[PDB]
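> Contents of model28.cif (mmCIF, C-alpha atoms; chains and numbers go by the auth columns):
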data_structure
loop_
_atom_site.group_PDB
_atom_site.id
_atom_site.type_symbol
_atom_site.label_atom_id
_atom_site.label_comp_id
_atom_site.label_asym_id
_atom_site.label_seq_id
_atom_site.Cartn_x
_atom_site.Cartn_y
_atom_site.Cartn_z
_atom_site.B_iso_or_equiv
_atom_site.auth_seq_id
_atom_site.auth_asym_id
ATOM 1 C CA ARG A 1 19.994 -11.036 57.688 0.00 1 A
ATOM 2 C CA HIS A 2 19.566 -11.605 53.934 0.00 2 A
ATOM 3 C CA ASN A 3 18.469 -15.264 54.257 0.00 3 A
ATOM 4 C CA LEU A 4 21.712 -16.689 52.858 0.00 4 A
ATOM 5 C CA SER A 5 23.819 -19.604 54.029 0.00 5 A
ATOM 6 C CA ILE A 6 27.277 -19.180 55.544 0.00 6 A
ATOM 7 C CA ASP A 7 28.747 -19.468 52.026 0.00 7 A
ATOM 8 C CA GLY A 8 26.305 -16.985 50.463 0.00 8 A
ATOM 9 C CA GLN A 9 24.069 -19.539 48.752 0.00 9 A
ATOM 10 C CA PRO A 10 20.391 -18.494 48.740 0.00 10 A
ATOM 11 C CA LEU A 11 17.958 -20.483 50.866 0.00 11 A
ATOM 12 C CA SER A 12 14.709 -19.816 48.948 0.00 12 A
ATOM 13 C CA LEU A 13 14.027 -21.030 45.415 0.00 13 A
ATOM 14 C CA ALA A 14 12.759 -18.154 43.268 0.00 14 A
ATOM 15 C CA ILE A 15 10.127 -17.966 40.510 0.00 15 A
ATOM 16 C CA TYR A 16 9.579 -15.805 37.431 0.00 16 A
ATOM 17 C CA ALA A 17 6.071 -16.557 36.033 0.00 17 A
ATOM 18 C CA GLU A 18 7.012 -17.707 32.498 0.00 18 A
ATOM 19 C CA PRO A 19 6.051 -15.353 29.633 0.00 19 A
ATOM 20 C CA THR A 20 2.631 -15.977 28.097 0.00 20 A
ATOM 21 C CA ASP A 21 3.120 -18.061 24.887 0.00 21 A
ATOM 22 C CA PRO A 22 3.635 -16.969 21.247 0.00 22 A
ATOM 23 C CA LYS A 23 1.094 -14.845 19.355 0.00 23 A
ATOM 24 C CA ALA A 24 -1.156 -15.689 16.402 0.00 24 A
ATOM 25 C CA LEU A 25 -1.451 -13.188 13.542 0.00 25 A
ATOM 26 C CA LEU A 26 -4.017 -13.599 10.767 0.00 26 A
ATOM 27 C CA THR A 27 -4.864 -11.866 7.496 0.00 27 A
ATOM 28 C CA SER A 28 -8.223 -11.474 5.777 0.00 28 A
ATOM 29 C CA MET A 29 -9.744 -10.474 2.455 0.00 29 A
ATOM 30 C CA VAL A 30 -11.343 -7.020 2.312 0.00 30 A
ATOM 31 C CA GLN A 31 -14.100 -6.087 -0.135 0.00 31 A
ATOM 32 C CA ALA A 32 -15.622 -2.741 -1.097 0.00 32 A
ATOM 33 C CA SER A 33 -18.728 -1.592 -2.938 0.00 33 A
ATOM 34 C CA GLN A 34 -18.449 -1.901 -6.723 0.00 34 A
ATOM 35 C CA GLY A 35 -20.770 -0.465 -9.356 0.00 35 A
ATOM 36 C CA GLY A 36 -21.731 -1.365 -12.900 0.00 36 A
ATOM 37 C CA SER A 37 -21.786 0.268 -16.308 0.00 37 A
ATOM 38 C CA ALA A 38 -24.562 2.493 -17.640 0.00 38 A
ATOM 39 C CA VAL A 39 -26.457 2.471 -20.940 0.00 39 A
ATOM 40 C CA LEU A 40 -26.760 5.347 -23.419 0.00 40 A
ATOM 41 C CA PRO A 41 -29.425 5.914 -26.087 0.00 41 A
ATOM 42 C CA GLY A 42 -28.739 3.822 -29.166 0.00 42 A
ATOM 43 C CA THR A 43 -28.129 4.733 -32.790 0.00 43 A
ATOM 44 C CA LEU A 44 -30.479 3.597 -35.564 0.00 44 A
ATOM 45 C CA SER A 45 -28.698 1.209 -37.919 0.00 45 A
ATOM 46 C CA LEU A 46 -29.166 1.230 -41.680 0.00 46 A
ATOM 47 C CA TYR A 47 -29.526 -2.571 -41.867 0.00 47 A
ATOM 48 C CA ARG A 48 -32.350 -4.872 -40.821 0.00 48 A
ATOM 49 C CA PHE A 49 -32.332 -6.813 -37.561 0.00 49 A
ATOM 50 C CA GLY B 1 5.745 18.087 -10.047 0.00 1 B
ATOM 51 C CA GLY B 2 2.773 20.406 -10.071 0.00 2 B
ATOM 52 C CA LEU B 3 1.292 18.078 -12.691 0.00 3 B
ATOM 53 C CA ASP B 4 -2.275 16.858 -12.420 0.00 4 B
ATOM 54 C CA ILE B 5 -3.648 13.833 -14.255 0.00 5 B
ATOM 55 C CA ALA B 6 -4.723 16.036 -17.177 0.00 6 B
ATOM 56 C CA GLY B 7 -1.386 17.858 -17.302 0.00 7 B
ATOM 57 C CA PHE B 8 0.466 14.543 -17.428 0.00 8 B
ATOM 58 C CA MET B 9 -1.600 13.519 -20.472 0.00 9 B
ATOM 59 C CA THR B 10 -0.892 16.743 -22.377 0.00 10 B
ATOM 60 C CA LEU B 11 2.860 16.312 -21.859 0.00 11 B
ATOM 61 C CA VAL B 12 2.578 12.789 -23.295 0.00 12 B
ATOM 62 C CA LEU B 13 0.871 14.190 -26.407 0.00 13 B
ATOM 63 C CA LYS B 14 3.871 16.306 -27.431 0.00 14 B
ATOM 64 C CA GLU B 15 6.062 15.708 -30.491 0.00 15 B
ATOM 65 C CA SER B 16 9.133 15.624 -28.236 0.00 16 B
ATOM 66 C CA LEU B 17 8.404 19.274 -27.408 0.00 17 B
ATOM 67 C CA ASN B 18 9.937 18.687 -23.961 0.00 18 B
ATOM 68 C CA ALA B 19 12.216 21.588 -23.029 0.00 19 B
ATOM 69 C CA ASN B 20 12.336 21.116 -19.249 0.00 20 B
ATOM 70 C CA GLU B 21 8.801 19.857 -18.690 0.00 21 B
ATOM 71 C CA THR B 22 10.676 16.547 -18.419 0.00 22 B
ATOM 72 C CA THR B 23 11.529 17.676 -14.885 0.00 23 B
ATOM 73 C CA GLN B 24 7.802 17.843 -14.161 0.00 24 B
ATOM 74 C CA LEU B 25 7.295 14.573 -16.061 0.00 25 B
ATOM 75 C CA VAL B 26 9.951 12.538 -14.237 0.00 26 B
ATOM 76 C CA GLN B 27 8.986 13.998 -10.849 0.00 27 B
ATOM 77 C CA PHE B 28 5.347 13.040 -11.452 0.00 28 B
ATOM 78 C CA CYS B 29 6.361 9.472 -12.315 0.00 29 B
ATOM 79 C CA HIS B 30 8.875 9.315 -9.455 0.00 30 B
ATOM 80 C CA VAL B 31 6.186 9.987 -6.844 0.00 31 B
ATOM 81 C CA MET B 32 3.760 7.628 -8.604 0.00 32 B
ATOM 82 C CA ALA B 33 6.314 4.820 -8.479 0.00 33 B
ATOM 83 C CA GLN B 34 6.886 5.563 -4.787 0.00 34 B
ATOM 84 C CA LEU B 35 3.160 5.336 -4.027 0.00 35 B
ATOM 85 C CA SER B 36 2.739 2.072 -5.943 0.00 36 B
ATOM 86 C CA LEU B 37 5.800 0.505 -4.306 0.00 37 B
ATOM 87 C CA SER B 38 4.619 1.618 -0.858 0.00 38 B
ATOM 88 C CA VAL B 39 1.245 -0.058 -1.430 0.00 39 B
ATOM 89 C CA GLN B 40 2.917 -3.247 -2.682 0.00 40 B
ATOM 90 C CA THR B 41 5.396 -3.337 0.221 0.00 41 B
ATOM 91 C CA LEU B 42 2.631 -2.902 2.809 0.00 42 B
ATOM 92 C CA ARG B 43 0.566 -5.475 0.849 0.00 43 B
ATOM 93 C CA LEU B 44 -2.425 -3.149 1.113 0.00 44 B
ATOM 94 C CA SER B 45 -5.617 -4.524 -0.389 0.00 45 B
ATOM 95 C CA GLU B 46 -7.407 -2.867 -3.288 0.00 46 B
ATOM 96 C CA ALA B 47 -10.471 -2.396 -1.068 0.00 47 B
ATOM 97 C CA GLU B 48 -8.540 -0.455 1.585 0.00 48 B
ATOM 98 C CA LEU B 49 -6.805 1.704 -1.024 0.00 49 B
#
Rewrite the structure from the file as structure tokens, please.


Amino acid sequence: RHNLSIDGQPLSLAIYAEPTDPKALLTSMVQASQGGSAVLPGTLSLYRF
Amino acid sequence: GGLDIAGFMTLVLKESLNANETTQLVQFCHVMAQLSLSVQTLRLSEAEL
């Protein structure tokens, strides 16, 4: 009834649908907005240019 | 340790006048070291942080 031989050996070759490959993992550089410095009013020096 | 960034600075500028503010001082640095090590372990980028 269970499709075996007289000894119990199976009569149908099975299959398992092999697992789908390794996996690729990558890294990347990340950048953010960056500002600059400001300027203040200047002092008046005592010496010439 | 209840310390802010300004409170940490004022404790630094003490002539060893540390009674038990050291408990606040070491707790502030302990958490700071934890945060830095967590960022380094995760390899977080400066942009994301």

> Could you please determine the separation between atom CA of residue B:5 and atom CA of residue B:46 in Å, to one decimal place?

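Computed distance, atom CA of residue B:5 to atom CA of residue B:46, equals 20.3 Å.
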
> Just need the residues of chain B within 9 Å of chain A, counting only C-alpha atoms, so spit them out as a ChimeraX atom specification.

/B:45-48

> Contacts of residue B:26 at 9 Å or less, counting only C-alpha atoms, minus same-chain residues fewer than 5 places along, as a count of residues only?

3

> Which value, in Å to one decimal, gives the distance between atom CA of residue B:15 and atom CA of residue B:28?

19.2 Å

> For a test of reading the model, state the distance in Å between atom CA of residue B:3 and atom CA of residue B:37, rounded to one decimal.

20.0 Å

> Show me, as a short mmCIF file (atom, residue, chain, number, x, y, z; two decimals) with C-alpha atoms, keeping the file's coordinate frame, the residues that have an atom within 12 Å of residue A:12 when counting only C-alpha atoms, minus same-chain residues fewer than 4 positions from it.


data_model
loop_
_atom_site.label_atom_id
_atom_site.label_comp_id
_atom_site.auth_asym_id
_atom_site.auth_seq_id
_atom_site.Cartn_x
_atom_site.Cartn_y
_atom_site.Cartn_z
CA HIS A 2 19.57 -11.60 53.93
CA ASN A 3 18.47 -15.26 54.26
CA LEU A 4 21.71 -16.69 52.86
CA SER A 5 23.82 -19.60 54.03
#
